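# Tertiary structure, described
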Amino acid sequence: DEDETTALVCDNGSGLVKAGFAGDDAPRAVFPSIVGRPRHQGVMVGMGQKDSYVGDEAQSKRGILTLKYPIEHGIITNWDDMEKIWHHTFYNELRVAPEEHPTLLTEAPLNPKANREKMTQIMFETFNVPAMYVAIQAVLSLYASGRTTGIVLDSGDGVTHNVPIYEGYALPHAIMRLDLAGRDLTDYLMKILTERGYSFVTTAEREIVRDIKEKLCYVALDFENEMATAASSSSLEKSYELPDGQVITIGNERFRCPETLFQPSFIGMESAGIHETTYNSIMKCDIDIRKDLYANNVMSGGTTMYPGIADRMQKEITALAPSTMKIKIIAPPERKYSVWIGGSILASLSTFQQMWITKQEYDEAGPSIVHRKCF
Amino acid sequence: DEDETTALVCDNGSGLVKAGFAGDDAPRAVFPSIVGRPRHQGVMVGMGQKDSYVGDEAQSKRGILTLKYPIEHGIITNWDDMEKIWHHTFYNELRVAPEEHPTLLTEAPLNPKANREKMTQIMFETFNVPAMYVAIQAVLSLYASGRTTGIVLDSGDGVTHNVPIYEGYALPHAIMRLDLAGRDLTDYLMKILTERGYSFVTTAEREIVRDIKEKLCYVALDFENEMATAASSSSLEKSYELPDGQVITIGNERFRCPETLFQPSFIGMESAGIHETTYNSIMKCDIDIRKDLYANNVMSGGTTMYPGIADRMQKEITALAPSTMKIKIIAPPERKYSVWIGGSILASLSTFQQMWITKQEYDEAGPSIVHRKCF
Amino acid sequence: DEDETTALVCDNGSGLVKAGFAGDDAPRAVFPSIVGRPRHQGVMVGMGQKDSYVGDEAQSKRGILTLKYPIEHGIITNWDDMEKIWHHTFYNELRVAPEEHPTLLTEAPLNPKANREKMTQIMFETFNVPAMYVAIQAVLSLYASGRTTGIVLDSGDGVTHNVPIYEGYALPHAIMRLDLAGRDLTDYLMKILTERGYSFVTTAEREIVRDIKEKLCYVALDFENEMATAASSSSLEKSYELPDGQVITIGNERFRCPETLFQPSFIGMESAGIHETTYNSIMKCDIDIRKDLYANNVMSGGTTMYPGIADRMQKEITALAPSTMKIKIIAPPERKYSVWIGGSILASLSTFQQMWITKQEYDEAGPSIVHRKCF
Ligand SMILES: Nc1ncnc2c1ncn2[C@@H]1O[C@H](COP(=O)(O)OP(=O)(O)O)[C@@H](O)[C@H]1O
Ligand SMILES: Nc1ncnc2c1ncn2[C@@H]1O[C@H](COP(=O)(O)OP(=O)(O)O)[C@@H](O)[C@H]1O
Ligand SMILES: Nc1ncnc2c1ncn2[C@@H]1O[C@H](COP(=O)(O)OP(=O)(O)O)[C@@H](O)[C@H]1O
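Residues numbered from 1 in each chain as written, not as in the entry; some residues may be left out. Chains lettered and ligands numbered in written order. Part of a larger assembly, values for the part shown. Heavy atoms only, no water.

This entry, as listed in the PDB, derives from cryo-EM and reports a resolution of 28.4 Å.

### A look at the overall build of chain A
So the rule is basically this: A helix here means a DSSP run of H or I that spans at least four residues, while a strand means a run of E at least two residues long, and both kinds are numbered starting from the N terminus. Just to be clear, the radius of gyration here is over C-alpha atoms, and the globule rule we use is 2.2 Å times residues to the power 0.38. Only heavy atoms enter the contact rule, under which two residues are in contact if any of them lie within 4.5 Å. Accessible surface area values rest on a Shrake-Rupley calculation with a 1.4 Å probe, where residue burial reflects the displayed protein chains alone.
Looking only at helices and strands, chain A features 13 helices and 14 strands. Taken over the C-alpha trace, chain A has a radius of gyration of 22 Å; the compact-globule value for 375 residues is 21 Å, and the two agree within 12%. Principal axes of the C-alpha set define a box for chain A whose edges measure 70 × 65 × 35 Å. Intrachain contacts of chain A at a sequence separation of at least 6 include 65% that bridge at least 24 residues. Carbon together with sulfur atoms contributes 50% to the accessible area of chain A, which is approximately 18,500 Å² in total.

### Thoughts on the pairing of strand β7 (residues 160-166) of chain C
Residues and elements named next belong to chain C. Rule in force here: Buried residues are those whose accessible area, probed at 1.4 Å on protein chains only, stays under 20% of the maximum for their type, while exposed residues exceed 50% and partly exposed ones sit between those limits. Paired strands, as defined in this entry, are two strands with at least two bridges between them according to DSSP.
Along β7, six of the seven residues are buried, which leaves the element largely enclosed by surrounding structure. Two strands pair when backbone bridges link them, and strand β6 (residues 150-155) and β7 are joined in this way by six bridges, in the antiparallel orientation. Note that in β7 the partner of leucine 153 across the bridge is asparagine 162. The hairpin formed by β6 and β7 contains four residues between the paired strands. The pairing of β7 with strand β9 (residues 176-178) spans three bridges and is classified as antiparallel. Bridge pairing in β9 links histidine 161 to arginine 177. Where β7 and strand β8 (residues 169-170) come together, two bridges link them in antiparallel fashion. Its bridge partner being in β8, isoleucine 165 is matched across the sheet by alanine 170. Here β7 hands over to β8 after two residues, with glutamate 167 in that stretch at a positive phi of 55 degrees.

### What about the packing of aromatic side chains?
Short version of the rule: When the centres of two rings from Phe, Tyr and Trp lie within 6.5 Å, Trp using its six-membered ring, the rings pair. Their planes under 30 degrees apart give stacked, over 60 give edge-to-face, and anything left gives tilted. Counted as over-ring charges are cases with an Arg CZ or a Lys NZ within 6 Å of the ring centre that also lie within 35 degrees of the ring normal.
Taken as a whole and assessed by the stated rule, the structure comprises 24 aromatic pairs over all chains. Ring geometry for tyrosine 133 of chain C against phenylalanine 375 of chain C: centres 6.1 Å apart, planes inclined by 70 degrees, an arrangement best described as edge-to-face. Here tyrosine 133 of chain C is found in strand β5 (residues 131-136), whereas its partner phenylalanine 375 of chain C is found in the segment after α13 (359-364), with 242 residues between them in sequence. Judged by relative accessible area, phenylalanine 375 of chain C falls into the partly exposed class, the value being 31%. Three or more aromatic residues joined by ring pairs form one cluster here, namely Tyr133, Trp356 and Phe375 of chain A. Taking the ring centre of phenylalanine 262 of chain A as reference, the NZ or CZ of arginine 312 of chain A above it sits at 4.2 Å.

### Some thoughts on the interface of chain A and chain B
Here is the rule we go by: The quantity reported as buried area is the accessible area (1.4 Å probe) lost by two parts once they are put together, taken as the sum for both. By convention in these notes, a salt bridge is any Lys or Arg side-chain nitrogen within 4 Å of a carboxyl oxygen on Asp or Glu.
Opposite the nine residues of chain A that make contact, chain B presents seven residues. Together chain A and chain B conceal approximately 620 Å² of surface at their shared face, both sides included; 52% is due to carbon and sulfur atoms. At the surface where chain A touches chain B, the tally comes to one salt bridge. A salt bridge links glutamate 195 of chain A to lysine 113 of chain B, with the shortest nitrogen-to-oxygen separation between them at 2.8 Å.

### Side note on the interface of chain B and chain C
Put simply, the test is: The definition of a polar contact used here is a pair of N or O atoms within 3.5 Å, where within protein one atom must be able to donate a hydrogen and the other to accept one, and adjacent residues in sequence count solely through side-chain atom pairs.
Facing 19 residues of chain B, the contacting portion of chain C comprises 21 residues. Regarding the contact of chain B and chain C, the summed buried area is about 1,700 Å², with carbon and sulfur atoms giving 59% of it. On inspection of chain B and its partner chain C, the count reaches three salt bridges. Residues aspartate 244 of chain C and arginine 290 of chain B are paired through a salt bridge, measuring 2.5 Å at the closest nitrogen-oxygen approach. Here chain B and chain C share four residue pairs in polar contact between them. A per-element tally of the side of chain B that touches chain C places helix α10 (residues 290-294) of chain B first, with three residues.

### Focus on the pattern of salt bridges
One pass over the full model with this rule turns up 47 salt bridges over all chains. Close ionic contact of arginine 256 of chain B with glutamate 195 of chain B constitutes a salt bridge, the shortest N to O distance being 2.9 Å. Here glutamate 195 of chain B lies in the loop between α5 (182-194) and α6 (203-216) and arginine 256 of chain B lies in helix α8 (residues 253-259), a separation of 61 residues in the sequence. We classify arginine 256 of chain B as partly exposed; its relative accessible area is 23%. Connected through salt bridges with shared partners, the residues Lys113 of chain A together with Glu195 and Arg256 of chain C form a single ionic network.

### Examining the sheet that holds β5 of chain C
Residue and element names in this part refer to chain C. What counts here: For helices, the axis comes from a line fit to the C-alpha atoms of the stretch in contact; other axes are also lines fit to C-alpha atoms, and the angle between any two N-to-C directions lies between 0 and 180 degrees.
With respect to topology, six strands assemble into an open sheet ordered β3-β2-β1-β4-β5-β14, the strand pairing being mixed. One side of each edge strand has no neighbouring strand; the edge strands of this open sheet are β3 (29-32) and β14 (357-358). Looking at chain direction, strand β1 (residues 8-12) and strand β4 (residues 103-107) are connected through three bridges and run parallel. Of the residues in β4, the one forming a bridge with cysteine 10 is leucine 105. Against the sheet, helix α3 (residues 113-126) makes contact with β1, β4, β5 and β14, and its axis sits at roughly 150 degrees relative to β5, the strand it touches most.

### Section: the site of ligand 1
All names here are of chain A. Applicable threshold: Throughout, near means a residue has at least one heavy atom within 4 Å of the molecule or strand. Classes in brief: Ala, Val, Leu, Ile, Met, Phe, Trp, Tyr, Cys and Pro nonpolar; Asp, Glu, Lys and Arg charged; the others, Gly included, polar. Domain borders in the structure are assigned automatically or taken from a domain database.
Lining the immediate surroundings of ligand 1 are 13 residues, of which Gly156, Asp157, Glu214, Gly302 and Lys336 lie closest. In this structure, an oxygen atom belonging to ligand 1 sits 3.3 Å away from a side-chain N or O atom of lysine 213. At a separation of 3.4 Å, an oxygen atom of ligand 1 approaches a polar side-chain atom of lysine 336. About the coverage of ligand 1: the protein hides 81% of its 580 Å² of free accessible area. A class-by-class count of the residues in the shell around ligand 1 yields two nonpolar, seven polar and four charged. Summarising the domain contributions, the shell around ligand 1 has at least three residues from each of domain 3 (136-181 + 271-332) and domain 4 (182-267).

### Observations concerning the domain arrangement of chain A
All names here are of chain A. Domain annotation of chain A identifies domain 1 (4-34 + 71-134 + 337-371), domain 2 (35-68), domain 3 (136-181 + 271-332) and domain 4 (182-267). Computed from C-alpha atoms alone, the centre-to-centre distance between domain 1 and domain 2 is 26 Å. On the side of domain 2, 10 residues touch domain 1, which itself brings five residues to the contact. Linking domain 1 with domain 2 are zero salt bridges, by the criterion used here. Summed over the shared surface of domain 1 and domain 2, the number is zero residue pairs in polar contact. Of the residues that constitute the side of domain 1 that touches domain 2, the class distribution is three nonpolar, one polar and one charged.

### Brief notes about the side chain of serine 281 of chain B
Residue and element names in this part refer to chain B. Summarising the element assignment, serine 281 is placed in helix α9 (residues 274-282). With a relative accessible area of 0%, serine 281 lands in the buried category. Within the structure, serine 281 has its side chain in polar contact with the backbone oxygen of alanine 174 (distance 3.2 Å). With residues near it in sequence (within four places) discarded, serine 281 still touches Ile151, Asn162, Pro164, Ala174 and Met176.

### A short note on the sheet that holds strand β1 (residues 8-12) of chain B
All names here are of chain B. What the six strands build is an open sheet, ordered β3-β2-β1-β4-β5-β14; its pairing is mixed. Two strands lie at the open edges of the sheet, namely β3 (29-32) and β14 (357-358), each paired on one side alone. Two strands pair when backbone bridges link them, and strand β4 (residues 103-107) and strand β5 (residues 131-136) are joined in this way by five bridges, in the parallel orientation. Opposite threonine 106, over in β5, you have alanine 135 as the bridge partner.

### Observations concerning a negative patch on the surface
Residue and element names in this part refer to chain A. Quick reminder of the rule: Residues qualify for a patch when their relative accessible area is over 30% and they have no salt bridge, like charges being joined within 9 Å and the nonpolar side chains of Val, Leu, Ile, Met, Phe, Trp and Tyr within 5 Å. When charges are counted, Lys and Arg contribute as positive and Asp and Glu as negative, whereas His and the chain ends are disregarded. A charged residue contributes its charge at one atom only: NZ of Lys, CZ of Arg, CG of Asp or CD of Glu.
Together, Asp1, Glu2, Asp3, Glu4, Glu99 and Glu100 give the surface a local cluster of negative charge. The topology assignment puts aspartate 3 in the segment before β1 (8-12). Its relative accessible area of 70% is what places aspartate 3 among the exposed residues.

### Description of the relation of the copies chain A and chain B
Where we set the bar: Overlaid copies: least-squares superposition on C-alpha atoms.
Screw-axis analysis of chain A against chain B gives a translation of 28 Å along the axis, an RMSD of 0.0 Å, and a rotation angle of 167 degrees. Interface overlap between copies: only 11% of the residues of chain A at the interface are likewise at the interface in chain B, consistent with a contact formed by different surfaces.

Structure (structure tokens):
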């Protein structure tokens, strides 16, 4: 609180907002992106509740609330709800006066121009920021990495991409999309557990299943052989206590759930699994740069956090590639916050501080400015 | 009683067993699935009563008895009780020697493998059937229909499903579940009648309320406008004589009870009403097959028997679908026995007689056989 | 069905088989070249479906099926699938007995010798044709035209060529290749529509986009000025109803998609646009024959069907050529079937009937015969 200034790095996630100050090593505020007020709301004797805050309160308030994601699949679809999320971010989580900070916002891949313009309009008109930037989330991640060359497999919450990069450039024609990512894997685990006679269907039960997924699932060494071991499997049958206190047993569901990344037909997806899309992406590049891609396969995103994933990707890529090809899979430790960190590096870039968009630019060429000939 | 043979078609319902001979047009035996013996049992001077027969005796014996459904929510949960129901089916209702007849059994959606194996074990070991098949009840219904394409709304006793079908295949990812169906509507009518100062709480009173529901409830043309007419409603106020002989008056409860299918929040269900699930199911299918689904919405199940339901579904679907979409609701007349009829067609399928499971198959690969690579 | 005979003219296209009788004015059978069976195949209650017929059934059966082209990029790559396509052609579409008809087959430019030999082996051994010929598809088209001199721009489904011709001879060193053609333009329209927030990614969605392309795209008068008019463009914003019934709006995508033929960098292609390749081809010819080429630029192929293409080519060629050069663009009306018609003329050539290849020639010098010293 003086001269200088930082850069409000707000990564608008499909399920979680990550926000903080440029220059910090990780976001200081992480809260669910949802909207929820009592679904039954039966009055009582007073009030003192906040209608649809969701954020952190919701979670801990599981069972009372309803949820909505105004950013459900990564694109913002409800501006009144998004204004509530940004107000919460600035005033309740970070506890800042937004008019004192240049703010860098992230946007999903394929975000419409008109959507970026509405984001810009709200920042300047509603929150009175002195400036702002919009950054592409994949791009920020790439930034955080620091690798000019290599092929990234980025699997997050709602989408997975394979992005080959040569000298810093995402050759746009090589990238392929997959709908599936963590949101789909949590829904599939709810369904397969419901196969055993359990019942996980409510909003609260979804949260419970997301926790089972993140704590007990793993990727097999070989799907077929893991299924065969399931028979005499005395390991798989882990126990998990529900908040009600009942204890369920989870066995082959531990590896059947994430097997979907390699076999999208488990959820009905025709798409090619992540090892096939990696190969298909490398084959859309020049033959010449393929050796550099094969030796620099970088994993990113929350859904690449499973133990065993790098070794499995090494095995599968080795099976598809030429016999003399050197293959290397890199996974950065704390991948998931790779998107926020790239934003932090960019926003905290004094040297490229002219890329931030300003109140004068917005007034001159409206918000589009932050879209036409920059970010 | 000679060569050839029929197929024992036993549809194990949550509230009613439907059983008969393959090839008959409808089941010859329909009896409540319950277990009940005197709750007070005060001896007397002799016996000559059957402990927990339930079946038909129970009903007519209302007030003395207790009830249990070993198939309460569609999945068999008590094998000693289920053995009693099957013994009653074979020896008391159909009056057959089970060792002379291949028998097709039905099972609920999501029935565990181990449950199908126990059903199979009992048929072969306890009843000595020469063969048997297990069939999926929804599937049998689909079979009875005869429509390859279209979206079915099947509302029965304990569950309601929306199932889109293209060329005979239930695209498994499109189907959505609802807990609510007729069991819930009877419980809700007991509760709302208890609001007027009446008291319907016992087992006998539940049966009385199920009769009021089936004889006097109806679905409104528009819920809001029907409530508004309730004021000057001189029609609604129908009379119903209780077995005690008192006469109650039923008015807006006639349409408030089934309104729950369209507004599950009446019983506290967050779920989306049946018109919303229909739309949500069609939107999980390819855009291309949607025109075929919209023109082939087939209603099935006992809870789709209300007069007015097809016209209301036509109105609601028309309001959600594109303006140029051709919408058609089909309701087969005697829907409820749609499940038994599909079983009868399948079981009575000489041409597919190799799908029946045999005593040799059970002995070789145990009962699982009737589960792994068939039904 | 008597003496004489016709010539089975089968044009094996990358996406469509065109087949018929020599002497007919157009092919009597046109069906997609694909292979597809249920991707989900969920059994049901019977069969009566044909595993991977594709042909016409597929299309109308959009959403159920998968596709494969055994001729994906013009060269046949799977002989078991190709045998199915030829069986369908003869027995289901044309309804002929192939052993009664000399059959002329077409092959892509640069088809390997061994591939032509395998085509020949199948015709004689599998279908028992009395004779057969293999013809080069470009060549057949040239044949259909009837112009000895001039430079043809032939843009079809998977490839575009510029072919200068002087007295009937394709000076082989002048011809240049382009990967891009209609297959690429349909893929690019799917991608650019997905930019607006729509989602066209499935096999069924590809077919939908191919229809939007063929019905609503057009080539601009000037790309830069058309983009500038897009702003106040109230024309562009045509509506298109999807099979689901939703209605999308298409605007600048109408001309951005085919702009790729003139600017291959839109899809990442370094190649020179079709006006530059025309000029580059004319400059590889003698200076002396250039006046004849400039006055005889003939358009051929499905991708030259856009309204406005001849006028745009006249404008662009005029801008590159010497000021006193007479420039004329010819487009034959029903260009697309230009390949089949050339085959029909050739095959129906009684006078050159000795060029057909016979069962004795195949037995003597194997199939190669139809390759070494003829077609
Ligand atoms: N340790 C972990 N193991 C597996 N999945 C994880 C782990 N940590 C986070 N995830 C999942 O990663 C997803 C979030 O990843 P993220 O990269 O932030 O996604 P997005 O950027 O698409 O919002 C969620 O589905 C979450 O459950
Ligand atoms: N005419 C009717 N009107 C309304 N509900 C009916 C009618 N006939 C039967 N039902 C109800 O339908 C339900 C039984 O339907 P059914 O399809 O057999 O269910 P399930 O297969 O789930 O056992 C019961 O709740 C019953 O009261
Ligand atoms: N009227 C049209 N306008 C634009 N493209 C068209 C038209 N008719 C056909 N096409 C396209 O032309 C291509 C087929 O042309 P064709 O000459 O048969 O190709 P090929 O011989 O390479 O198989 C397809 O991409 C198709 O969509």
